[PDB]
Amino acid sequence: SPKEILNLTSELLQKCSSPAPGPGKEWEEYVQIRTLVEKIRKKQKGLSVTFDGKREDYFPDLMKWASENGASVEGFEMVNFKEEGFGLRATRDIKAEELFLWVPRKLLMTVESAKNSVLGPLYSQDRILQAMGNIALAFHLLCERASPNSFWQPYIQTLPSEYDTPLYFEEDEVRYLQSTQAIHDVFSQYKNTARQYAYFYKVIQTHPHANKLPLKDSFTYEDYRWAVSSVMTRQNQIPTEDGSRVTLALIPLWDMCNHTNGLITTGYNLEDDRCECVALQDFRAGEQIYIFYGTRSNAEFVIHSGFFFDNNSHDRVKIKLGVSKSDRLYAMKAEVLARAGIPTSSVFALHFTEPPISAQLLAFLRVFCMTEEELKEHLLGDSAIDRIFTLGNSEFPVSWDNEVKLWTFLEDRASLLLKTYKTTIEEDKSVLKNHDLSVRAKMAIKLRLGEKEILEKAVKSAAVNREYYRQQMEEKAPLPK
């Protein structure tokens, strides 16, 4: 059996190290990788370390451990909520902006704490651990999880045992995402995780610096999937104790807060060396305490946080645009973009909340549709730099003609992107209404629905802007500034 896992992981490492076989066969590659991972998983015994008690049986030890090290432990309790899972619930009225939660650095798991642990020797030798702090945190979790006397045991024993990241999806649940933007990141996540597991499985067996690790005796795919999912759904960027650099950290107790819409109210206090959270809003006794995770899209929430957020005012879709080398005005357009700090080709974003395009995308689209005369005015003369400075400003167009052209292009491109999906918006709503689905299936279908709804709104907003600027052109309105 040990030699059989070596053969399967070696086969997995080679299949996952191969280049992409073209986007037309990425689903076949995904299923091929799934088959080998599931064969390895069926031959392994799941998580190497499991705890006898229930998850809530260890929360009192988390509170005692956090209290002994200076963290806030009063005013809230752990509750298993249906929608979000476990989270914090207020036991007293908490006013907005009240500093109610603080976690000193001594409780955190960091890349620095990983470097000084039993993972130290292997960390100083493996180039992937040195370059990827998130992967370093994942192995930091695993090594301490398998260490019964670890300082962070109260935190690890209260972590979830499974997640709703796409790594846990069934094949037919991912299949809903066919022909979407997000599935390619799902493909990459699965392939990367499989390649990393096979890579480190071989590294741990061949490197003498890993002999003292518990992973030397047991390191299953389930371990790695749980570790990277624990990190991607919970990790944070904090300043170093010096304050001159940034590092990645797991923040116990505080990271039990679930997400709602708002503003980030959690910051690191460098003078007291602790993470501080003020109340995002008023929380009455008996209400769940929420925080705002960040301005991430539902694609990022699903893939990296394992949930879909219905009230995501920061949702967005990607749109790749670039000046064609076949364009007669390519050189001038690329130079105007260069002077504006914009690459010639890039992946932009289309947002659901108006305005649909950012200042950087507006500036790109303006230059993309400029005439030679307009490009010259942004390249030559004492006003050229002033014209560059306003390229991202909606109130200062290059010309009414330039606006009509760019909004017509965006309307056509967004409408073309909508035609590349295998289902329509009405079909997705019918599936959600008429079929009984798992949580993970609903995440996938809502994700593909959300992509098209953002594209549909971009079509409507671009069509509206096209008519507005066409009116200014027909009425010969004076250009602003």
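Start at 1 with the first residue shown and count on from there. Take the two forms, find the largest set of C-alpha atoms that superpose within 1.5 Å, and that set is the rigid core.
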property: Core-fitted comparison in 6 other deposited structures of this protein, 140-148 vs 363-371, farther C-alphas; result: 363-371
property: RMS CA shift, core-fitted in 6 other deposited structures of this protein, bigger for 376-384 or for 131-139; result: 376-384
property: Other entries modelling both neighbours but not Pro19, at least a third; result: no
property: 366-374 or 263-271, whichever carries the higher mean Cα B-factor; result: 263-271
property: Mean C-alpha B-factor comparison - 465-473 and 19-27, higher one; result: 19-27
property: Residue, from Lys333, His304, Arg284, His209, that the PDB entry assigns the highest Cα B-factor; result: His209
property: Among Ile385, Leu406, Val317, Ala227 - the residue whose C-alpha B-factor is largest in the record; result: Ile385
property: Chain-wide C-alpha B factor ranking for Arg34, given as lowest, middle or highest third; result: middle
property: Entry-reported Cα temperature factor of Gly392, expressed as the chain third it lands in; result: middle
property: Ranked C-alpha temperature factor of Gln237 among modelled chain residues, by third; result: middle
property: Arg55 - which third its CA temperature factor falls in, relative to the rest of the chain; result: middle
property: Chain third (lowest, middle, highest) by recorded CA B-factor, residue given as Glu427; result: highest
